[PDB]
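Worksheet for the structure shown next.
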Amino acid sequence: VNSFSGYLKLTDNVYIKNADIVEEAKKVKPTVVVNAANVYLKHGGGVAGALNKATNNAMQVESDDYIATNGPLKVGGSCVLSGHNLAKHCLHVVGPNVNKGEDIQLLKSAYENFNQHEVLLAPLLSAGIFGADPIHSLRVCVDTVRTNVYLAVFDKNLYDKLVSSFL
Ligand SMILES: CC(C)(O)[C@@H]1[C@H]2CCCC[C@H]2CN1c1ncnc2[nH]ccc12
């Protein structure tokens, strides 16, 4: 039993809700919140900018030190950093950006990072400003993640389309 509330069950391990991941995180304080990051951990907009803003820029300050020490992430890769006031940990995951010419097959590699965590609150990777089809992202998520994932879909119209089209 966990404290996630109001989710629709899609599969044995995947759940979905029309909600802002930032608001879900503030309320639940999950062990892991996933950020839809880029390789530079530059949290400008979308999920990343919204999470970072909610931490009063502490996520960005921590991230800049991470990059100065370790260099950029790989597309498809991840790192675990603090969740600040929103969660115990933030798993920063980089899905491919099709606007940058990055390979969509890397979306599966990105979701594989979720399997290192028993329970996660997450957005659909590569959706929104990353330019990929959110329906496809949900399919890859369901077919790749085996741990328990709670997906927050910020756009209500998109949520309804995802549920109604889900096979
Ligand atoms: C596709 C996805 C991941 O569901 C959505 C999608 C909704 C409309 C705009 C573009 C995307 C933003 N993203 C978010 N998801 C959850 N929480 C969020 N907080 C702020 C942004 C945000």
Side-chain angles (χ1 to χ4, degrees), residues 3-11 13-39 41-60 63 73 75-76 78 81 83-100 102 104 106-114 117 119-145 147-167:
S3 55
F4 288 104
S5 177
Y7 284 74
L8 175 71
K9 185 167 178 62
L10 293 179
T11 67
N13 65 298
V14 179
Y15 295 80
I16 194 166
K17 184 184 181 177
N18 165 236
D20 190 336
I21 199 180
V22 179
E23 293 303 319
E24 284 299 303
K26 293 188 199 184
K27 181 69 180 183
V28 175
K29 311 228 201 307
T31 304
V32 179
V33 65
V34 174
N35 182 29
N38 57 60
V39 294
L41 300 181
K42 287 319 192 196
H43 310 304
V47 166
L51 288 169
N52 176 59
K53 179 177 175 184
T55 75
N56 187 39
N57 212 49
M59 177 180 286
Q60 191 64 66
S63 291
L73 297 179
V75 180
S78 68
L81 292 171
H84 300 275
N85 51 317
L86 304 176
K88 186 165 193 288
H89 305 285
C90 178
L91 181 70
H92 296 271
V93 181
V94 180
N97 183 340
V98 194
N99 305 325
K100 296 174 182 137
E102 300 173 350
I104 189 62
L106 292 173
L107 186 54
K108 188 174 185 70
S109 303
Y111 275 119
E112 285 170 344
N113 295 289
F114 289 26
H117 303 277
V119 185
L120 316 86
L121 170 64
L124 287 167
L125 299 175
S126 295
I129 71 175
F130 282 66
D133 178 1
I135 295 177
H136 170 69
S137 182
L138 178 57
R139 188 73 251 167
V140 177
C141 180
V142 162
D143 293 341
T144 304
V145 182
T147 55
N148 289 328
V149 57
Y150 289 82
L151 295 168
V153 178
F154 175 66
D155 190 80
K156 168 63 177 174
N157 289 323
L158 171 56
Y159 170 85
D160 290 343
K161 186 188 184 190
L162 290 167
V163 169
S164 298
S165 61
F166 183 70
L167 194 46

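Indexing begins at 1, ligand by ligand and atom by atom, following the structure's order. Note that the numbering runs from 1 along the sequence shown for the chain. Quick note: numbers below take in every heavy atom, side chains included, and nothing from hydrogens, waters or symmetry partners.
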Nearest protein heavy atom with distance in Å, relative to atom 19 (N) of ligand 1
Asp20 OD1, 2.6 Å
shortest atom 17 (N) of ligand 1-to-protein heavy-atom contact is with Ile21 N, 2.9 Å
Any idea which atoms of ligand 1 are less than 4.0 Å away from a heavy-atom of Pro123?
3 (C)
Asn35 side-chain N/O to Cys90 backbone N/O, donor-acceptor pair under 3.5 Å
no
Please list the nearest protein heavy atom to atom 9 (C) of ligand 1 with its residue and the distance rounded to 0.1 Å.
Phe154 CD2, 4.5 Å
Any protein heavy-atom neighbour for atom 14 (C) of ligand 1 (distance below 4.0 angstrom)?
yes
Side chain of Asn97, backbone of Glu102: donor and acceptor closer than 3.5 Å?
no
Of the options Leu125, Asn148, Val32, which is the one that meets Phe114 in a side chain to side chain contact (heavy atoms under 4.5 Å, CB included)?
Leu125
The closest protein heavy-atom partner of atom 4 (O) of ligand 1 is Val153 CA, 3.4 Å
How far is atom 16 (C) of ligand 1 from its nearest protein heavy atom, and which residue and atom name does that atom have?
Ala152 O, 3.3 Å
Donor-acceptor under 3.5 Å (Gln60 side chain, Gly49 main chain)
no
Which is closest to atom 8 (C) of ligand 1 in terms of heavy atoms, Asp155, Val47, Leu138?
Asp155
Is there a side-chain contact (heavy atoms from CB on, under 4.5 Å) between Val153 and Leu162? Walk through the geometry before answering.
CA-CA 9 Å; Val153 178; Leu162 290 167; 3.8 Å; yes
Could you list which atoms of ligand 1 come closer than 4.0 Å to a heavy atom of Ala127?
1 (C)
What atoms in ligand 1 come closer than 4.0 Å to a heavy atom of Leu124?
3 (C)
Any idea which protein heavy atom is nearest atom 11 (C) of ligand 1, and the distance to it?
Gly128 CA, 3.7 Å
Residues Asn18 and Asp155: closest non-hydrogen pair is ND2-C, 3.6 Å
Output yes when a side-chain donor or acceptor of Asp20 lies under 3.5 Å from a complementary backbone atom of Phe154, and no otherwise.
no
Over 60° means perpendicular and under 30° means parallel, so tell me whether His43 and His92 are parallel, tilted or perpendicular.
parallel
